[PDB]
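Q: Here's a sequence, model it:
(6 chains)
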Number of protein chains: 6
Amino acid sequence: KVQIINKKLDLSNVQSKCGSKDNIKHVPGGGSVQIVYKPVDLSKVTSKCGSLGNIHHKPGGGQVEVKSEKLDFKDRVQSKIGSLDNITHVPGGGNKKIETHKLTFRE
Amino acid sequence: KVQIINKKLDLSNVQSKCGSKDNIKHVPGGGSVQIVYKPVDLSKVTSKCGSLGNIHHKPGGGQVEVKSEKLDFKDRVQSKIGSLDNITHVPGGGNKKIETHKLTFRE
Amino acid sequence: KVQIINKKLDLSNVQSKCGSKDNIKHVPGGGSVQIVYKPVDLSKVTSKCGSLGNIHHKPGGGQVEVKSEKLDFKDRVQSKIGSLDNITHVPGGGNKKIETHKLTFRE
Amino acid sequence: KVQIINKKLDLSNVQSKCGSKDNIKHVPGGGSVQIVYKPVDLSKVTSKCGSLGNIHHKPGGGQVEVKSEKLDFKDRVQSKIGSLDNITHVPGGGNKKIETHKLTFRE
Amino acid sequence: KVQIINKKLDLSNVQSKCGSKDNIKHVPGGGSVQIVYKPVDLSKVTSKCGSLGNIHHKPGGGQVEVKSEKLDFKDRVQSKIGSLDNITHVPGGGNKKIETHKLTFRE
Amino acid sequence: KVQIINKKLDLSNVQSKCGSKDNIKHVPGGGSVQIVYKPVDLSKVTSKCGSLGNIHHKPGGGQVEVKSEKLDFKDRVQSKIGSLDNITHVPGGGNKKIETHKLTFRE
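A: Numbering: from 1, shown residues only, chains lettered A, B, ... in the order given. Okay, here it is:
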């Protein structure tokens, strides 16, 4: 008769704040490789075959190739660094995060 | 008759704050490789075959190849570093995180 | 008759704050390899075969290859480091995390 | 009374065929020095000083300086030689060198 | 009365065929020094001082300096030689060297 | 009365065929020094001092300096030699060297 359903996710697939805010840096003297393979995927595959069929679910993924067949440095590779990324991060306090769930029955 | 269902995730698949906020750095003198293989995947595969069928669920993944067939450094690879990443992080206090779950029955 | 279900996860698959906030660094003199294989995966596979079928659930994973067939350093690989990552982290106190679960029956 | 003086050198200073006919060769791959210091000198110094004098006989000689403050070869110094100086020397015979000294007295 | 003087050198200083016909060769791969210090000198010094004098007979000689303050070969110094100096020397015979000294007295 | 003087050198200083016909060779792979210090000198010094004088007979000689303050070979010094100096020397015979000294007295 009476159905009260407070609910947030029923049949769901959630990625939240997921793979973010990351400082990648690369300061080489020379001849160097940095690879940051960072996908954020969300799949939902439902492949119902019937009675004689053929489902070939083959989506394929990332390929990263780096080749360097010849490479020479015939003198001084030099790199002087005073500093990187002089960051000052001063946030102010006094913030409020309020989540209220009121569920009241009466007669 | 009376059904009160306070609930947050029923049939769910959640990634939250998941694989984030990471400082990757790379300061080589030279001839160096950094690989950070960092995917954040979420799959939900439901492959119902029928009675004679063939399901070939083959999505494939990441490939990272780095080849370097010849590489020479015929003099001084030198790297002087004073500092990296001079970070000051001063947040203010006095914050509030309030989660209230009120569920009241009456007659 | 009366069903009160306070509940947070029913049939769920949760990753939270899961694989994050990690400072990776790499300061080589030269000729060096760093690999941080850090995926955060969440799968949910339900493969119901029928009566003669063939399910081949083969998603494949990460491959990281690094080859270096020849590599020479014919002089001084030198690296002087004063400091890395001079971090000051001063958060203020006086914060509140309040989780209230009130469940009251009356007549 | 009778003076017969057959003679060839009385007060003499002779150099003959003296420092000649010499094949100097130099086939370097690179960065090489050949010095052939080959003077042929003939001096005759007669310095008669008198009673308070000063004779400073200082003629000075050869100076050969070769300086090379910096020198680099940053790749393959290669030199393939099939042959040098293919010389055929066929003189014919039947030559005559006749030196006759006849000194005859009669009355 | 009768003086017959057959003679060839009275007060003499002779160098003959003296320091000649010499094949000097130099085939380096690289970075090499050959010095052939080959003077042929003939001096005759007669320094008669008188009664208070000063004779300073200081003619000086050869100086050969070779300096190489820095020198680098950063790859293959290679030298393949098939042959040097393929010489064929075929002189014909039947030559004559005749030196006749006839000194005859009669009355 | 009668003086017959057959004679060849009275007060003489002779160098003959003296320091000649010498094959010097130098085939280095690299970084090598050959020095052939080969002077052929002939002096005749007659320094007659008188009664208070000073004779300083100081002619000086050869100096050969070779300096190499730094020298590097950062790869293969290689030298393949098939042959050097393929010499064939075929002189013909039947030569004559005749030295005749006839000294005859009669009345």
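Q: With adjacent residues omitted, what lies nearest to the residue of chain A found nearest chain E?
A: Relative to chain E, the nearest point of chain A is residue A:74 (6.4 Å; CB to the nearest CB). The way it works is simple: take the backbone N, C-alpha and C, and place the C-beta from them, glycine included. Of all residues not flanking residue A:74 in the chain, residue D:74 sits nearest, at 4.2 Å (CB to CB, 6 or more residues apart in numbering or on different chains).
Q: Return the set of buried residues in the lengthiest strand in chain A.
A: In chain A, assigned by DSSP state E, the strand with the most residues is strand A:96-104. Applying a neighbour-count criterion of 16 or more other CB atoms under 10 Å in any protein chain shown, one finds residue A:103 buried in strand A:96-104.
Q: Sheet-wise, list the partners of that strand with their directions.
A: If you go by DSSP bridges, strand A:96-104 pairs up with strand B:96-104 (parallel).
Q: mind checking how far the partner strand is from the chain centre?
A: 30 Å (CA atoms, centre = their mean, to the nearest Å).
Q: Contacts for that strand, please.
A: A:95-105, B:4, B:6, C:4, C:6, C:95-104, C:106 (CB atoms under 8 Å, 6 or more residues apart in numbering or on different chains).
Q: Repeat that for stretch A:43-57.
A: Residues contacting stretch A:43-57 (CB under 8 Å, 6+ apart): A:13, B:41-59, C:53.
Q: Name only those of those that count as buried.
A: Buried among the contacts of stretch A:43-57 by 16+ other CB under 10 Å: A:13, B:41-45, B:47-50, B:53, B:55-57, B:59, C:53.
Q: which of those residues sit farthest apart?
A: Across the buried ones among the contacts of stretch A:43-57, the longest distance by CB to CB is 27.8 Å; it joins B:41 and B:50.
Q: Could you give the number of residues near residue A:31?
A: 23 (other CB atoms under 10 Å in any protein chain shown).
Q: what about residue A:83, which helix or strand?
A: Remark: residue A:83 resides in no helix or strand, with elements defined by DSSP states H and E.
Q: quick one, phi psi at it?
A: Backbone torsions for residue A:83, taken as degrees, to the nearest 10, come to phi -160, psi 160.
Q: Could you verify my assumption that it touches residue B:87?
A: No - taking contacts as CB atoms under 8 Å, residue A:83 lies outside contact range of residue B:87: 10.9 Å.
Q: More neighbours: those two, which one.
A: Regarding residue A:83 and residue B:87, a neighbour count based on other CB under 10 Å identifies residue B:87 as having more, with 16 against 13.
Q: Next up, phi/psi of the more buried one, please.
A: phi -110, psi 130.
Q: May I have the beta-bridge partners of it?
A: residue A:87, residue C:87.
Q: Could you measure from it over to residue A:36?
A: For residue B:87, the distance to residue A:36 equals 20 Å [CB to CB, to the nearest Å].
Q: for residue A:20, same thing?
A: From residue A:20 to residue A:36 the distance is 13 Å (CB to CB).
Q: Repeat that for residue A:103.
A: 46 Å.
Q: hang on, the earlier thing: for the residue nearest to residue A:74, give me its contacts.
A: For residue D:74, counting by CB under 8 Å, 6+ apart, the contacting residues are A:74, A:75, B:74, E:72, E:74, E:75.
Q: same check, this time on residue A:73
A: Going by CB under 8 Å, 6+ apart, the list of residues near residue A:73 reads A:30, A:31, B:30, B:72, B:73, B:74, B:75, B:77.
Q: which one of those sits closest to chain F?
A: Nearest to chain F among the contacts of residue A:73: residue B:74, at 6.4 Å, using CB to the nearest CB.
Q: which one is residue A:2 nearest to, not counting chain neighbours?
A: residue B:2 (4.9 Å).
Q: Nearest the geometric middle of chain A, what residue?
A: residue A:19 (2.3 Å; CA atoms, centre = their mean).
Q: from memory that one sits against residue B:40, does it?
A: Yes - Residue A:19 is in contact with residue B:40 according to CB under 8 Å; the separation is 4.8 Å.
Q: Give me the common contacts of those two.
A: A:38, A:40, B:18, B:19.
Q: The first one - nearest residue in space that isn't next to it in sequence?
A: Read it as residue A:38. Of all residues not flanking residue A:38 in the chain, residue B:38 sits nearest, at 4.8 Å (CB to CB, 6+ apart).
Q: burial of that neighbour, as a residue count?
A: For residue B:38, using other CB under 10 Å, the count is 26.
Q: Right, and chain C sits closest to which residue of chain A?
A: Counting by CB to the nearest CB, chain A gets nearest chain C through residue A:93, at 5.8 Å.
Q: What about the nearest residue to that residue once chain neighbours are set aside, how many residues nearby?
A: Closest residue to residue A:93 apart from its sequence neighbours, by CB to CB, 6+ apart: residue B:92 at 2.9 Å. By other CB under 10 Å, the residues close to residue B:92 number 17.
Q: distance of residue B:92 from residue B:98?
A: Distance from residue B:92 to residue B:98, by CB to CB: 18 Å.
Q: what sits against residue A:19?
A: Contacts of residue A:19 (CB under 8 Å, 6+ apart): A:38, A:40, B:18, B:19, B:20, B:38, B:40.
Q: Quick check, the residue in chain A closest to chain D?
A: Counting by CB to the nearest CB, chain A gets nearest chain D through residue A:74, at 4.2 Å.
Q: got the contact list for the residue found closest to residue A:25 once you drop the neighbours it is linked to in the chain?
A: With CB to CB, 6+ apart as the measure, residue B:25 is the residue that lies nearest to residue A:25, at 4.8 Å, once sequence neighbours are left out. Taking CB under 8 Å, 6+ apart, we find residue B:25 in contact with A:23-27, A:84, B:84-85, C:23-27.
Q: now swap in residue A:16 and tell me
A: Applying CB under 8 Å, 6+ apart, the residues near residue A:16 are B:14, B:15, B:16, B:17.
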